[PDB]
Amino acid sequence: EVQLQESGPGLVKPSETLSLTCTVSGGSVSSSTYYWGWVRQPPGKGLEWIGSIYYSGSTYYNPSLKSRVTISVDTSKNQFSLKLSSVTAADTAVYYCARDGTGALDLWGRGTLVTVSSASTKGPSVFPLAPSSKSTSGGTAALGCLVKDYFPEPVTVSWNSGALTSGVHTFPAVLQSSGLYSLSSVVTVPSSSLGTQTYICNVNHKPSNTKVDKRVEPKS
């Protein structure tokens, strides 16, 4: 199956250039039928098509960005790329790469959030949300992880490397007055499983290259 994989930094300083690459996997960028494009979605705003490129190198750009955007294609590496110069905080957005069927974007990448800020990256501190000693006998208990003081977004959280997904809730991050984000991830599990089953929250923060694995146990 064809998959589009975005790569590139999640933090860019104002006035610098944002650079992202899309790698085509399971298929080829050297399509004689399709174009390859970029679309962005600023937080709480609508989608905006940035531009598209054919494997020959021919490009089409949105006039709203044409003076500071360049899209390139490298058929020898199965990739295409975006460079947006002189960025401001108005360029903070989720950027998606997409396969452009002459207007019908029939395959999209997962999207990468790029934050335009002069602040530095900061990895998170991870603390346990321990299951209560009063958890209902033979019932359901809740436990979690508090992921505090990171920048920029996002963090990803899994439980037991993906073995635990049912009942997990990972909340949207909140921006604190310090300018750092925080979020909690919780899961409900059988109370009788506490003390025998191991529960680990796996927190990844790509901007700081940090991976934390916190075992969450009853306090004692």
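Numbers follow the displayed sequence, beginning with 1.
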| query | finding |
| --- | --- |
| Between 96-104 and 137-145 (mean CA B-factor, as deposited), the higher | 137-145 |
| Mean C-alpha B-factor comparison - 194-202 and 20-28, higher one | 194-202 |
| Out of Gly57, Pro42, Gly51, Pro154, residue topping the C-alpha B-factor column of the entry | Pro42 |
| Residue of maximum C-alpha B factor among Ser166, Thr33, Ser184, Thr70, per deposited coordinates | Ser166 |
| Assigned third (lowest, middle, highest) for the C-alpha B factor of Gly46 | highest |
| Third of the chain's Cα B-factor distribution that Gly37 belongs to, per the entry | lowest |
| Assigned third (lowest, middle, highest) for the C-alpha B factor of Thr115 | lowest |
| Chain-wide C-alpha B factor ranking for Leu84, given as lowest, middle or highest third | lowest |
| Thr121 CA temperature factor, ranked by third within the chain | middle |
